[PDB]
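**Q** A single structure is presented below for examination.
2 protein chains.
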Amino acid sequence: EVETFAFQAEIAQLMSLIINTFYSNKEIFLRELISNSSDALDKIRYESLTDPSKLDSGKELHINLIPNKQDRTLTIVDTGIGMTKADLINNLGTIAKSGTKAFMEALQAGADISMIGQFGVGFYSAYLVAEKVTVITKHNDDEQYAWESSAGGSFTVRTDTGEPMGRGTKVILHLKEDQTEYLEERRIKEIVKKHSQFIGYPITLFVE
Amino acid sequence: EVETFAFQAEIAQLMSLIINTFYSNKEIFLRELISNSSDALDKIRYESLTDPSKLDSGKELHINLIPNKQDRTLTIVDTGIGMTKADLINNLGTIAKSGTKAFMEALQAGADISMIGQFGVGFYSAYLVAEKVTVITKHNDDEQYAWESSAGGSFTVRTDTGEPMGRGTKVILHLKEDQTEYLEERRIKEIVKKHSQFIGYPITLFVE
Ligand SMILES: COC(=O)c1c(C)n[nH]c1-c1ccco1
Ligand SMILES: COC(=O)c1c(C)n[nH]c1-c1ccco1
Ligand SMILES: CN(C)c1ncnc2nc[nH]c12
Ligand SMILES: CN(C)c1ncnc2nc[nH]c12
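The listed protein sequences correspond, in order, to chains A and A'. A prime marks a further copy of an entry chain. Using PDB author numbering, read the first sequence as starting at 16 and increasing by one per residue. Using PDB author numbering, read the second sequence as starting at 16 and increasing by one per residue.
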């Protein structure tokens with residue numbers, strides 16, 4: 016069963032801005048997603064010090080970058096803390112409303128699209144390069160979900176019946192037809208080397 | 016009763032490096048502490064969406080910068096999530112060991128002291144400008160503590176019997192005698208305007 020939800024008007028606005036504004040420096044989407052994964056991994060690691068059983072769903076704390084040309088997807092996989100249904104539908108959600116607003120205001124004031132991360136909404140930078148984003152995620156306290164949006168003002172969530180992931184998050188970027196350079200090994204290596212050099216987790220770039 | 020603890024050898028190393036290395040761009044300590052406060056405020060705000068009673072210890076989410084020339088202190092106050100005794104003594108602690116190591120390695124490799132934040136140990140940047148740091152903190156689940164260190168390989172923790180703070184963290188920087196410019200309104204304003212422009216919380220600079 017697939018549930019369909021309306022983004023709040025402000026997030027829809029933001030998504031449309033990212034999609035519509037002419038902005039050539041798109042590569043920053045990857046720094047933002049890697050950094051999102053890094054924060055999710057910090058959080059699970061932190062929680063684990065006071066409750067070791069939080070790691071029963073897997074001990075390795077890592078980030079995998081997985082390009083697939085047949086499918087035209089770039090997937091960022093982490094084993095961080097994962098997201099609950101309430102995060103997907105409500106909490107993220109509420110936090111994104113105020114980051115959006117602040118980010119909008121700063122843009123009017125000459126700030127730049129690359130600064131999206133300072134406003135806690137870097138995940139939406141994925142729409143610089145993706146026509147569709149699917150997010151698979153498993154939190155310890157909850158079941159595995161698939162969230163999905165091509166923007167246009169709505170998203171879906173359903174319980175996921177794919178390969179079970181243990182704990183973590185997979186962001187599957189369905190790339191715009193003119194953004195396939197982000198499937199290329201030397202392009203991804205360049206981008207990681209330039210913006211994500213000091214991430215405190217191993218980042219494995221899978222080959223095709 | 017005052018408990019005295021030994022820093023792990025690696026944190027002592029890091030503290031000594033920050034204290035000893037010739038490095039003129041000291042102002043970055045303030046961006047790091049403001050950013051620490053911002054993350055503590057994000058965390059309490061996040062937790063509050065699933066448990067509103069977490070805010071019974073105060074609803075305002077803010078950052079105050081308080082200079083005092085008589086005392087020669089600059090205090091960064093937040094109402095974020097606060098720290099428990101276990102954070103002070105163990106958890107921070109364990110997380111700082113690996114950030115330290117990575118930060119050490121990057122420095123050998125030509126990275127710069129200003130990059131300390133990428134390695135989760137920006138709090139120690141306070142020793143660029145402070146001969147002594149006192150940290151007062153209250154977490155919902157625990158009592159109010161005073162932590163204190165002048166480096167030299169040890170720190171103390173005691174239960175604090177000062178003004179009760181509700182919930183949050185006060186970082187009191189006892190400034191080195193040659194670092195009093197950080198007590199000055201126009202200097203602090205300059206620094207906040209330059210490095211902390213987009214923080215998503217009101218930052219009030221108190222006057223003397
Ligand atoms: C990995 O997914 C996300 O970050 C996400 C989803 C699925 N909804 N809203 C968000 C979000 C909005 C702002 C920060 O995160
Ligand atoms: C506000 O205080 C701190 O950040 C703190 C204290 C009191 N111990 N270790 C830390 C710390 C080490 C690394 C990140 O945080
Ligand atoms: C909210 N948000 C950005 C996220 N939450 C949990 N795990 C994630 N992995 C990548 N992004 C994540
Ligand atoms: C670990 N750490 C950096 C901190 N934890 C909780 N509250 C804080 N306020 C400033 N820094 C904080």
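For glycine and all other residues, C-beta sits at the position ideal for the given N, C-alpha and C.
Find the residues of chain A' that neighbour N106(A), judging by a C-beta separation of less than 9 Å, and give them in chain order.
**A** By 1-based counting over the first sequence, the position of residue 106(A) is 91. The answer, in chain order, is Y61, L64, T65.
**Q** Under 6 Å from any heavy atom of ligand 4, does the C-beta of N155(A') make it?
**A** Within the second sequence, the letter at position 140 stands for residue 155(A'). No, the Cβ of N155(A') stays beyond 6 Å of every heavy atom of ligand 4.
**Q** Below 8 Å on the Cβ atoms is my guess for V150(A) versus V186(A); work out the distance and round it to an integer in Å.
**A** Along the first sequence, one-based indexing puts residue 150(A) at 135. Along the first sequence, one-based indexing puts residue 186(A) at 171. With 8 Å as the limit, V150(A) and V186(A) qualify as a contact, their Cβ atoms being about 5 Å apart.
**Q** Closer than 5 Å is what we want: which residues have a beta carbon that near any heavy atom of ligand 1? List them in chain order.
**A** Here the residues come out as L107(A), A111(A), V136(A), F138(A), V150(A), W162(A).
**Q** Who are the Cβ neighbours of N106(A') in its own chain at under 6 Å, not counting the five residues just before and after it?
**A** As a first step, residue 106(A') must be located in the second sequence, where it is residue number 91. Around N106(A'): no qualifying Cβ.
**Q** Relative to ligand 4, is the shortest distance from any of its heavy atoms to the C-beta of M98(A') smaller than 6 Å?
**A** Counted from its first residue, the second sequence places residue 98(A') at position 83. Correct: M98(A') has its Cβ closer than 6 Å to ligand 4.
**Q** Using the beta-carbon of each residue, which ones in chain A are nearer than 9 Å to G215(A')?
**A** Position 200 of the second sequence holds residue 215(A'). Chain A residues near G215(A'): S113, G114, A117, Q133, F134, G135.
**Q** Buried or exposed for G137(A'), going by 16 or more other Cβ atoms inside 10 Å?
**A** Within the second sequence, residue 137(A') is the residue found at index 122, counting from 1. Its Cβ being crowded by 16 or more others within 10 Å, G137(A') is buried.
**Q** On the DSSP letters alone, give me the boundaries of the alpha helix (DSSP H) that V207(A) sits inside.
**A** Position 192 of the first sequence, counting from 1, holds the residue named residue 207(A). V207(A) -> alpha helix (DSSP H) spans 200-210.
**Q** Comparing C-alpha positions only, which one of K208(A), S53(A), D127(A), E200(A) sits nearest to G97(A)?
**A** Position 82 of the first sequence, counting from 1, holds the residue named residue 97(A). When only C-alpha atoms are compared, the closest one is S53(A).
**Q** If you drop the 5 nearest sequence neighbours on each side, which residues of the same chain put their C-beta closer than 7 Å to that of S165(A')?
**A** What you label residue 165(A') is simply residue 150 of the second sequence in a count that begins at 1. Excluding sequence neighbours, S165(A') sits near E146, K147.
**Q** Would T109(A') count as contacting chain A if we go by Cβ distances under 7 Å?
**A** The sequence position of residue 109(A') within the second sequence is 94, counting from 1. Yes, its Cβ sits closer than 7 Å to a Cβ of chain A.
**Q** Thinking just about the alpha-carbon of each residue, which of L29(A'), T19(A'), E223(A'), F221(A') is nearest to the one in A121(A')?
**A** Within the second sequence, numbered from 1, the residue matching residue 121(A') stands at position 106. Per the Cα distances, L29(A').
**Q** Kindly indicate the opening and closing residues of the beta strand (DSSP E) around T174(A').
**A** Residue mapping note: residue 174(A') aligns to position 159 of the second sequence, counting from 1. Looking at the DSSP string, the run of the beta strand (DSSP E) that includes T174(A') is 169-174.
**Q** Taking Cβ to Cβ, would you say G114(A) is nearer than 7 Å to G95(A)?
**A** Within the first sequence, residue 114(A) is the residue found at index 99, counting from 1. Within the first sequence, residue 95(A) is the residue found at index 80, counting from 1. No. Outside cutoff.
**Q** Quick one: list the residues of chain A' neighbouring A55(A), beta-carbon separation under 7 Å, in chain order.
**A** Looking up residue 55(A) in the first sequence gives position 40. Here the premise fails: no neighbours, minimum Cβ distance about 12 Å.
**Q** Return the first residue and the last residue of the alpha helix (DSSP H) that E163(A') is part of.
**A** The residue you call residue 163(A') lines up with position 148 of the second sequence. From DSSP, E163(A') is part of no alpha helix (DSSP H) but of the beta strand (DSSP E) over 159-164.
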